[PDB]
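Below is one structure, written out as structure tokens; comments come after it.
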Amino acid sequence: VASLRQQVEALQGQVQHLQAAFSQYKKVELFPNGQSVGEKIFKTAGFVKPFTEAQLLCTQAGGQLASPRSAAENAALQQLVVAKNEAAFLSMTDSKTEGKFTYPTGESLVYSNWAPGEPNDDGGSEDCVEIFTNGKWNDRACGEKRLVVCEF
Amino acid sequence: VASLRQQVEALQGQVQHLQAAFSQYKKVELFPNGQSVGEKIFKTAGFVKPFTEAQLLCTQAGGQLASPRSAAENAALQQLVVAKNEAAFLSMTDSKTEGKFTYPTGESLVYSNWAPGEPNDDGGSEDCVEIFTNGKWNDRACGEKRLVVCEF
Amino acid sequence: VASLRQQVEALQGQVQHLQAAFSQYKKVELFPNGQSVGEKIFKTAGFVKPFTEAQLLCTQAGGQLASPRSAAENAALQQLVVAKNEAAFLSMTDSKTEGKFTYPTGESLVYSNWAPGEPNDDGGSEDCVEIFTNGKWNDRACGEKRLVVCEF
Ligand SMILES: OC[C@H]1O[C@@H](O)[C@H](O)[C@@H](O)[C@H]1O
Ligand SMILES: OC[C@H]1O[C@@H](O)[C@H](O)[C@@H](O)[C@H]1O
Ligand SMILES: OC[C@H]1O[C@@H](O)[C@H](O)[C@@H](O)[C@H]1O
Ligand SMILES: [Ca+2]
Ligand SMILES: [Ca+2]
Ligand SMILES: [Ca+2]
Ligand SMILES: [Ca+2]
Ligand SMILES: [Ca+2]
Ligand SMILES: [Ca+2]
Ligand SMILES: [Ca+2]
Ligand SMILES: [Ca+2]
Ligand SMILES: [Ca+2]
Ligand SMILES: [Ca+2]
């Protein structure tokens, strides 16, 4: 009765403390390699790797390569690319069917931000996608090394 | 009443497990680029930038440049400077009124740890402040590049 | 009473939110320098240091040097070492009594994964332990520099 009321106030204090502490912790974690947008979080590893290796790193970490699905997400991702001044790989490829880019699941793109003239499968060997510091996309050979950015 | 008790008992167990997990992840987070002191957390980006750019990075991240307000805070900040072996910028400047250093809010300093002979406005143009590996402060030209350390 | 009911229900909602948000941040934190195994978390500083320096870094951060106590923990640590491609120091040494490796607490090893013929106290001066990218252990001079990996 009167006891439960006291225990509740104690619990209330514990939760409010956690909310304040967690909020501060989130800001700390995201500085300087992460960006939060909606319920998605982009985070860069800070180094470059070929597509296959970059892809494995994200999947093993429980996430996947950056997959911007809107202008808002693309802008958030662009911030990390600008901050590191290094173009990054996206998760999408047209390795299965040339000319048709898809997400790792197989789904067709729901949003794109291709630079003028892209994708152009230059040299007949560009199945991966990179995002420039200006936010635009370009298909690029998967063997090339680009900034690793995963989404969680 | 009775059901409410077990409900409170259960929820608190969950909150305390969350507290324990959060405490562990906070220690992990701070290693090796952060330092906690009181309710404040200092975290370095690991690279150098001129004052204006450094200031923007911290503000955009939801914090501000390191602003040690006591010997204890200065000591905590010093650890990061020593770890990176790179002097860092503080948030304070005397741009508005020469010789009068203030925090971003305009408030006058409540603590200082100037090195002997400082501040001296060398060349007649040193309005920013840097902290050395020995913990002492020195006014420095804002255009120079120093370690970026923010506080949250 | 009905008020306490509402309060308890309110807390349940706040806790569910924290649980979900924290779960996401745990994954974010561990990328790309951490590894979780059981209730233990290994995290690398990303650089090399001699044993004494490495040990101090971990202890001051509230943890200790990597101390795999099972094949499962050793495999998890190995994943991290492979990712960084740099042999790392473990916490154990036989500095007190030659030939008898112990944890920082003085307790004898409960698990080991020595490479064939090791430990061999090569040159009569190897009291520290390093873990290779293949997961095997080798006693090594404490003065040498190895990847710093702490456990929390
Ligand atoms: O390697 C340079 C080339 O890379 C291609 O991906 C691009 O479509 C070309 O316009 C050119 O920039
Ligand atoms: O650039 C070197 C100079 O930097 C000034 O900030 C300092 O006051 C001088 O004593 C000298 O060290
Ligand atoms: O420094 C090279 C040597 O290092 C020792 O620790 C090892 O036992 C030897 O087999 C040899 O590899
Ligand atoms: Ca193709
Ligand atoms: Ca193609
Ligand atoms: Ca192209
Ligand atoms: Ca972190
Ligand atoms: Ca001035
Ligand atoms: Ca001045
Ligand atoms: Ca000066
Ligand atoms: Ca010995
Ligand atoms: Ca020995
Ligand atoms: Ca040996």
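Using Swiss-Prot numbers, chain C covers 224-375, in order.
Looking at the header, which is where the method is noted, we find X-ray crystallography, 1.6 Å.
Cβ atoms are placed via backbone N, Cα and C, with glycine included.
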Candidates C:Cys365, C:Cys373 - disulfide partner of C:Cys281 as recorded in Swiss-Prot: C:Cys373
Return one of helix, strand or coil for C:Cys281 (disulfide bond), based on DSSP. helix
Which residue among the disulfide-bonded residues C:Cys281, C:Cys351, C:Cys365, C:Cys373 has the fewest other Cβ atoms within 10 Å of its Cβ, if you could check? C:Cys365
How do the residues of the domain 'C-type lectin' (C:260-375) split into helix, strand and coil according to DSSP? 27 helix, 35 strand, 54 coil
How big is the gap, in Å, between the Cα of C:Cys351 (disulfide bond) and that of C:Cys281 (disulfide bond), rounded to a whole number? 16
